[PDB]
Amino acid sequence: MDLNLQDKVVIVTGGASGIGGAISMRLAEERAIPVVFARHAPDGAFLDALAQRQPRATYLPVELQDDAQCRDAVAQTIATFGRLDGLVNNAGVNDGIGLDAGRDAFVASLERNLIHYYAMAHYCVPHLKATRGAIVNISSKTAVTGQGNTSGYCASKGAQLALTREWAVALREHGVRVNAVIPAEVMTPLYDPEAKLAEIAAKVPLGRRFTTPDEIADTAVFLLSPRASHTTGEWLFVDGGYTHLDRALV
């Protein structure tokens, strides 16, 4: 299935590891041009594999919590490529800020997760309008399931789903589609460890195993493509049945 993403310039925040890394790599495979926005320089092995698929793929060091860096990196991206066709908002961290943490910790969690999704959309949208590009927001099942000690992250991830609907409405007349992907348990390098891994994996209905970053990536990249040309405002759960299937199943 040709996705028609060849030479499409797509910013992927947190795009050099885990889910974001897999999204960048699939974009490169589809001959798109992923532009990684991340705090830390990607590892060599990642850059080797990416450039092999797409020699023009790039990385920009960006602290997403700095509004001016977001602005300048988008500008640099436009200066380098002349256009922007996609935005994948993906950077985030479950920082475990619960009910007892207080205002400052809560707001800091919003900064780490929610606020830069808005800032990136804010700076990218004029460019996306010009190309009738697309946005994918990566959220989390916690936005709808809760978890128990992570108000900050949960609030952020839920706000991102709401913003997906809001931006889909806001941008409809410009042909800019906005969708979300909702993962549940995804194995990354990052993420008695023999036992606790087994414990978590056991709860995923399809195959009792973690979702892979590639699985999230394939749905995310489909959503950026014109193969999803009448899909906007949607939240796609890629979670092995985690959110919606009977909690009682083994």
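Numbering starts at 1 and follows the sequence shown.
J.: Going by the B-factors listed in the PDB entry, is the mean over the C-alpha atoms higher for 13-21 or for 228-236?
T.: Averaging CA B-factors over each stretch, the winner is 13-21.
J.: Regarding 147-155 and 126-134, which shows the higher C-alpha temperature factor on average in the entry?
T.: The recorded data point to 126-134.
J.: Which is it among 181, 187, 217, 184: the one with the largest CA B-factor in the entry?
T.: The C-alpha B-factor peaks, among 181, 187, 217, 184, at 187.
J.: Going by the CA temperature factor in the entry, name the top one among 116, 141, 71, 177.
T.: The record points to 71.
J.: Within this chain, which third does the Cα B-factor at residue 45 fall in: lowest, middle or highest?
T.: Tercile = highest for this residue's CA B-factor.
J.: Give the position of residue 34 by CA B-factor within its chain, expressed as the lowest, middle or highest third.
T.: For residue 34, whose C-alpha B-factor we compare with every modelled residue in the chain, the answer is the middle third.
J.: Residue 160: which third of its chain by C-alpha temperature factor?
T.: Its C-alpha B-factor, which the entry lists for residue 160, ranks in the lowest third among residues of this chain.
J.: Comparing residue 78 with the other modelled residues of its chain, is its CA B-factor in the lowest, middle or highest third?
T.: It falls in the top third of the chain.
J.: Considering only modelled residues of the same chain, in which third does the CA B-factor of residue 249 rank: lowest, middle or highest?
T.: For residue 249, whose C-alpha B-factor we compare with every modelled residue in the chain, the answer is the middle third.
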